[PDB]
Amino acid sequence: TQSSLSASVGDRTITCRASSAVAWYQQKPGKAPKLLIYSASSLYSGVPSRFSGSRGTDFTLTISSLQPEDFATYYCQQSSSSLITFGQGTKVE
């Protein structure tokens, strides 16, 4: 559980409510997914510092400054005993 967000370039906050750790994935339309945040608090290698993830029970990703390239759907992946489930997905326009 996380739908649509409208913001301009340079505007700062998406929450994916569930308690295992989570990972955030970004997918441009018609493009393969890429990993941004792992262990819910660690930035993936080669990723700009704008994206940052914070833990209580509702994990959230914050972008310091929006960019024209930063416009796609963000997916939250959560682990369990024997399964991982991706989030519904939010698209920023």
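So that there is no doubt, residue numbering starts at 1 and follows the sequence shown. Take the two forms, find the largest set of C-alpha atoms that superpose within 1.5 Å, and that set is the rigid core.
Q: Once the rigid core is matched, which of the two stretches, 25-33 or 56-64, lies farther off on average in 5 other deposited structures of this protein by C-alpha?
A: Once the core is superposed, the stretch further away in 5 other deposited structures of this protein is 56-64.
Q: Line up the rigid core: which moves more in 5 other deposited structures of this protein, 79-87 or 65-73, by C-alpha RMS?
A: It is 79-87 that deviates more in 5 other deposited structures of this protein.
Q: Select one of none, 1 to 3, 4 to 9, or 10 or more to describe the deposited residues without coordinates separating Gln2 and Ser3.
A: Gap between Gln2 and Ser3: 1 to 3 unmodelled residues.
Q: Using none, 1 to 3, 4 to 9 or 10 or more, say how many deposited residues go missing between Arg55 and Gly56.
A: Going from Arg55 to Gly56, the model skips 1 to 3 residues of the deposited sequence.
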